[PDB]
Every structure is written in C-alpha cells, then in structure tokens.
There are 2 protein chains.
Amino acid sequence: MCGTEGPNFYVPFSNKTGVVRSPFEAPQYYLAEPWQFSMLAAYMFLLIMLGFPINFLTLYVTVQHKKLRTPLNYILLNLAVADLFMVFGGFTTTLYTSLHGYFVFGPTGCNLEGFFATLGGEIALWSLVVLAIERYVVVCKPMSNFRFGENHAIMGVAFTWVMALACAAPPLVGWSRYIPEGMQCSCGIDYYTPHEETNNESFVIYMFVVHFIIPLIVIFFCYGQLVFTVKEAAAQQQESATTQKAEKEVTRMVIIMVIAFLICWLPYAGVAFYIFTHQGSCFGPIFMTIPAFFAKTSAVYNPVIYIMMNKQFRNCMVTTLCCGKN
Amino acid sequence: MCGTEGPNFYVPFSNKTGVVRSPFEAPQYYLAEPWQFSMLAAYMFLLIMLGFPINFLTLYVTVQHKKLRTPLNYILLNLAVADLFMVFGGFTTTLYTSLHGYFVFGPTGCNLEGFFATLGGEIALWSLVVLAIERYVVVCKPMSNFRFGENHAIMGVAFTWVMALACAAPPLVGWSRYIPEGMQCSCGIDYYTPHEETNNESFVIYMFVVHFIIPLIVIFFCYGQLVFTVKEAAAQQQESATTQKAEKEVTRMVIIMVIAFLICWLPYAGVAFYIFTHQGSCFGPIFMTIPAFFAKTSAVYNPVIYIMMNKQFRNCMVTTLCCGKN
Ligand SMILES: *C/C=C(C)/C=C\C=C(C)\C=C\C1=C(C)CCCC1(C)C
Ligand SMILES: *C/C=C(C)/C=C\C=C(C)\C=C\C1=C(C)CCCC1(C)C
Ligand SMILES: *[C@@H]1O[C@H](CO)[C@@H](O)[C@H](O)[C@H]1NC(C)=O
Ligand SMILES: *[C@@H]1O[C@H](CO)[C@@H](O)[C@H](O)[C@H]1NC(C)=O
C-alpha cells in the first residue's frame, strides 16, 4: 500500500516491508535519514531562540510606552501574544519531538503542537481582516464620525481569538482531530484519514470555508479599495499631505502583512488541500513537512515587518533598549 | 514629454519631434511599423471569420432543439448573443480601423468599439456569477426545493445585461469615456487622462470595484464550495452516481470557464491598472495593445469550451449540421 493507517496516525511509507512503527510508540527514522530529523530540531531550535525575544520585546515596548495606543499597536501587540503561545505552547513541544524522531508525550502532546499552530495561524489570518476593515474605514472612509475608539479596537482584538478558536478547538474535543503530518513531528488537522467518529470531512471544509475563503473575501474586498483613495476619493475628501504619509505608511505595512501571509501560509495549504481530495495517492514524508515547518514561521516575521516598516514603533523600541533615548 | 495629450485622445509617443497626429484626424503609422498595423487587421479579421459561425451556430443549435432548456443552455446561448454584438458591433468597427492605421468614423465610432467590448466582457463576467451561484445551489444544495424553473434562469440572464450595462453605458453618456488605447486601434475606458468633466477617476474605480472585485468574490466563494460536496457533503446528502457524472460534467466546465476568464481578461487589467495609478510614466504603444487585442478573444472561446466539454450540447450540434442524426 501507500501509507500505513493506524488507530490515530497516518504515514507516507509502505508497511510492505513491515517496518512502520506508530508515531506515538517508537522512532520514525525509517522515513527520512537520521541526519535530517536533527535538521528539523535545529531549525525549530532557531525559531525558538528568535521568536521568544522579538515578540516578548514587542509585547513589552507597548505595555510600557503610552503614545502607543491605536488600532495598529493593538493588533501587532496581539500577535505579540498569539505567537509566544506558538513558541512555548507549540515549538517547545515540537523541537523536543524531532530530537527523538517521533512524538513521546503521547498523543497528549500532538494536541499542543497542532493546536498552538492552528491557533497562532488563525489569530493571524483574522487579525488581518480587522486590519483591512480598519484600513478600509480609514483609507476610503465611509459615513459619520464614529471614529475608531480604543474601544472598537478591543472589539476586534477579542474578535480574533474567538474566531481563531472556532477553527482550533473544535478538533480538540472531537470535530476532526490533530494527527501527525509528513514526518510525524508536526501535527495538523486530519486532512489524511476519512474517519467517521469526528465527521472529519465536515470540520475540514468548515475550517477551510470560514477560516480561509471568507477571512480573505473580506481582506481582498478591502484591498483594492486601499487604492481608490490613495488617488481621487481623497482629492475630494480633502486629506492634508501631513497625513497621507503616515496613514499611507500604514496602508503600505498592512499591504505587506497580507502578501507576507500568502507567501508563508498558502504553501502548507497547497498540500493540505491536494491531500484531502486526492486521498489514497502515494506521496512521501516531505510532501507536507516543508510547507508545514516552513509556514511555521508565522510567529516570527510580523513583529519584524513592524520594526522595519513602522518608524514610530521603531523609534520607541530603540529607546527602550538603549535606555533613555537613542 | 512621454505621451501627447489632446482634446479626446492620449498616446505613448513624444511630440518632442512634433510628429504626433490625433487618432481621429490622420494615421498613427508613427507608433509602430506599417507591417504591424496590418497584423492587427489580419488577427481582427480571423476572429471575425471565426466568431461569426461558432456563435451564430450555438445561437441556433438551441433555438431549434427542445431538450436544450436548462440554466446552462441559457447562459451559453446568452454568450451566443453578447459575443455576436462584439463582432458586428465592435470588431467590424475595429478591423476596419487598423487597415487605416487610425480611427476614421470620428470618435462616433470609438464608442461602438470601446462599448461593444466592455459590454461583451461584462456579460461574460456576470454570467459567470449566475453560473457559480447556480453550481453552488446544485453542488452543495441549501434547503427546501424551490429548484429553479426555466424562470429564475431568465431572472439571472436578464440580470447579466443589466449589470453589464452599469459598466459600459455610463462612460457613453459622460461618466468616464471611451478613448484610444495603445496603438489607437482599440478603445477602452479612459484609464489614461485625469480629466474632470466626467469624474474619470470615480467611474474607473467604480467599474473596477463592482465589475471586477465583487463579481469575483461571488465566484471565488462558490468555487471551493464546488468541492465540499464533490466529496462528503454528498455522501450524507445521498447522490446517485448516474448524476455525479453529468452534474459534475458541469461542475468541471463551469470550473474551466472561470480559469479561462482569468487567463484571457486578467492581462488587459494588469496594464489598465498599472496605467491608472502610475499615470505619467513613459510606456509604448504595445504595453496596452497586446492585452487588449489578446483579451479580445472573449467572444470566441466559450462556445468552444462548450462543444468540447459538454456532450449533450455536442451530440445535438453535430446532429444539426449532419442533418438527421450523426
Ligand atoms: C507546524 C505545524 C503546523 C503549521 C500545523 C497545523 C496547521 C494548521 C491546522 C493550519 C491551518 C491553517 C491556517 C492557520 C491558515 C490558512 C489555512 C489553514 C487551514 C492551512
Ligand atoms: C479590444 C478592446 C477592448 C477589450 C477594450 C476595452 C475593454 C474594457 C473597458 C474592459 C473592461 C473589463 C472587463 C470587460 C472585464 C475585467 C475588468 C475590465 C475593467 C478590465
Ligand atoms: C504492519 O504495521 C502494523 C501497525 O503499524 C504492525 O503492528 C504490524 O506488526 C506490521 N505488519 C506485520 C505483518 O507485522
Ligand atoms: C504637437 O502635437 C499637436 C497636436 O497633437 C500639433 O497640433 C502640433 O502642431 C505639434 N507641435 C507643433 C509645434 O506643431
């Protein structure tokens, strides 16, 4: 056969030699070379010793300063959290795995891995809708001045977690389930088995349609719009040129956080999807492992685009470290 | 300078030599080589001697036959019309142009060219929404059985023309305007000049947002969905396998008419857009001419995808010509 199905796992390696061991009992060294299983550990070790400070620091250059309290400093201080939940919640429990070539903590771990990745990913796709909608109600402003108050900011921030849990938690109680992917060292929604005691095929397309399509239809719609105004719906709507440089410094950043999201995450999907529909067609333990581990940088790059494309945040962040000021 | 603006035209060639003539008074042979202006004529002559029968024939294999009366035979018998409006309404008035190297009929023609192209394109982008929504209410069917009758079919067919005229007619009365593109032998909405006596900048993004973005957001949303069911939302919703081959023979075609639309039309946009925002940056008479003439095949290929991907239609179409039956 192609893979070797079990009670709670699936793998791209034929038990036609009877070698296959379940990814919860013994090493999966029979999938790739033992020099690679360490490579993951090293990569996963780098993102742990890189995501911890550049997200704890952004989760701190805000809590201290005062003038840093607008809709943007909120969403990027919210990623400052969702991401650290990725590191100690997921990455600690994922690096540790590769060093062993297979999960050890019992499936009672492939829940923190697969949960704290799906979670950090969803709080990052939805936090982008609340950011587009924000760029939309600021770039080509609609009606009366119910101007965003620190208030509606929380409303959208408490919004991402909620929505982001509608995708991640369901499979944690029994609406799908987290199972080992590619090399059995990265767990994600069971796009693998057809199982029926969790309606696997339902939750899966549920997840995809409200936490991929929709999430986007709101971003794309508010995308172009972030261009009508950076032109004529602005000449008539009179906008001082001392604001079409900051308010655009942000229309640019938001615009690069969206692309940045489609570069990193789309790939994992390219495979997660091909998997689902073409179930039963031989593939290896690298067909879903790169996209996974690659896309897994979803908890590192945002605080960066943010120090490299947002001066205000950057002049303060350099004021914190250097003590006093610059 | 870059181009040589006039009262009702715009061109990518510097009057820094004083050569430039208006695309409504004398030949524009000074933009490309006179061997090319004929090339357009020949290309435009081929699509005229190719789109006339394969659209008059589909606009006839339906009007006669009886068993050809369902939502799909309607939308593809509607393109059978919008397209012939492209040929004699637009192409006759556009081939004739290139043989002369510049418009002759007076701008009182760059209205039929630029109108009967925008029109044929809008009756084809919207007829795809009415086709996705249809695949959507048939692939992952919603509730109670109000199963469409020939009725709602017209509702959506009378729908495309209406919506498609919201894009094309406006510029014809004074909300934008049709002006010569690239080689002054293909007219399209004025993505060129900033003008103000037609609010050029408003209509343009209007046209883009409701006749590009939206039109798609309905197609894309109904796209994936055309996959939930071609899987599990169909096992529980019990669908005989003698229908999951015709009803899918159509989920495939519709799916190839959407890709086919993004291959052909997207390019013209890629430039029409870069033009608008980057107004004033030198470019030539080929930067907007290929996409235009290329994408201009939007009145030829659908009746084809239709004879090559829909057997019923094809077995009858071959029955008409061969007289009697096969
Ligand atoms: C490193 C391990 C990972 C990334 C494991 C699992 C990931 C998911 C279940 C991801 C889900 C998705 C997200 C967060 C965003 C785009 C759509 C998606 C379904 C692939
Ligand atoms: C050959 C000449 C042509 C195609 C001239 C003009 C075309 C337009 C004004 C096209 C408009 C568009 C359509 C039909 C569909 C996609 C979006 C669009 C605005 C480019
Ligand atoms: C095949 O794999 C299974 C489950 O992973 C294992 O228990 C079994 O012993 C292998 N086949 C045989 C014939 O031993
Ligand atoms: C430049 O172009 C214009 C109009 O297209 C033409 O009328 C004019 O005569 C040319 N320049 C000169 C100096 O003649």
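General observations
- Test result for A:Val139, within 14 Å of chain B (Cβ to nearest Cβ), over 23 Å from A:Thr198 (Cβ atoms) and more than 16 Å from ligand 3 (Cβ to nearest atom): yes
- Residue check for A:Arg147: more than 16 Å from ligand 1 (Cβ to nearest atom), buried (at least 21 other Cβ atoms within 10 Å of the Cβ) and not in a strand (DSSP E or B): no
- Among the candidates B:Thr17, B:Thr62, B:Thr70, B:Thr4, the residue that is more than 19 Å from B:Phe116 (Cβ to Cβ), in contact with a helix residue (DSSP H, G or I) (Cβ under 9 Å, 6 or more places away or on another chain) and free of Cβ contacts under 8 Å to residues at least 24 places away in the same chain is uniquely B:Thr62.
- Sub-7 Å Cβ pairs linking a first residue in segment B:260-273 that is under 16 Å from B:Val209 (Cα atoms) to a second residue that is more than 16 Å from ligand 4 (Cβ to nearest atom) and among the hydroxyl-bearing types (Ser, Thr, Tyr), at least 6 apart or interchain, are B:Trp265/B:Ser298; B:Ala272/B:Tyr191, ordered by first then second residue.
- Restricting segment B:231-262 to residues that are among the polar types (S, T, N, Q) and either away from every other protein chain (no Cβ under 13 Å) or under 19 Å from B:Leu131 (Cβ atoms) (or both) leaves a set whose member that is surrounded by the fewest Cβ atoms within 10 Å (Cβ to Cβ) is B:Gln238.
- Only residues that are basic (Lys, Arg) and more than 24 Å from B:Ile123 (Cβ to Cβ) were counted across segment B:300-325, and they come to 2.
- Selection status of A:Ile286, part of a helix (DSSP H, G or I), surrounded by fewer than 16 Cβ atoms within 10 Å (Cβ to Cβ), within 21 Å of the chain's Cα centre (by Cα) and away from chain B (no Cβ under 13 Å): no
- All of (1) touching a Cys at 6+ places or on another chain (Cβ under 7 Å); (2) of a type in the set (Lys, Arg); (3) surrounded by fewer than 22 Cβ atoms within 10 Å (Cβ to Cβ) hold for B:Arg135 with one exception: (3).
- Residue selection: B:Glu239 fails the criterion of being over 20 Å from the mean Cα position of the chain (by Cα) and closer than 27 Å to A:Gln236 by Cβ.
- Inter-residue pairs, beta-carbon under 8 Å, first basic (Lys, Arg) and in segment A:166-182, second buried (at least 23 other Cβ atoms within 10 Å of the Cβ) and part of a loop (DSSP other than H, G, I, E, B), 6+ apart: A:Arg177/A:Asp190
- Filter result for A:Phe105 (of a type in the set (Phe, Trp, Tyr), within 24 Å of A:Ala42 (Cβ to Cβ), free of Cβ contacts under 8 Å to residues at least 24 places away in the same chain and part of a loop (DSSP other than H, G, I, E, B)): yes
- Test result for B:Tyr223, within 12 Å of another protein chain (Cβ to nearest Cβ), within 23 Å of A:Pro194 (Cα to Cα) and in a helix (DSSP H, G or I): yes
Table: residues versus (1) within 16 Å of ligand 1 (Cβ to nearest atom); (2) under 30 Å from B:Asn315 (Cα atoms); (3) crowded, with 18+ Cβ neighbours inside 10 Å.
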position	(1), (2), (3)
B:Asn8	no, no, no
B:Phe24	no, no, yes
B:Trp35	no, no, no
B:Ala41	no, no, yes
B:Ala80	no, yes, yes
B:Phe88	no, yes, no
B:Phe105	no, no, no
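No value in this document is a laboratory result; all are computed from the given coordinates. FYI the Cβ positions are ideal-geometry reconstructions off the backbone, even for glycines, and counts take in every protein chain you see.
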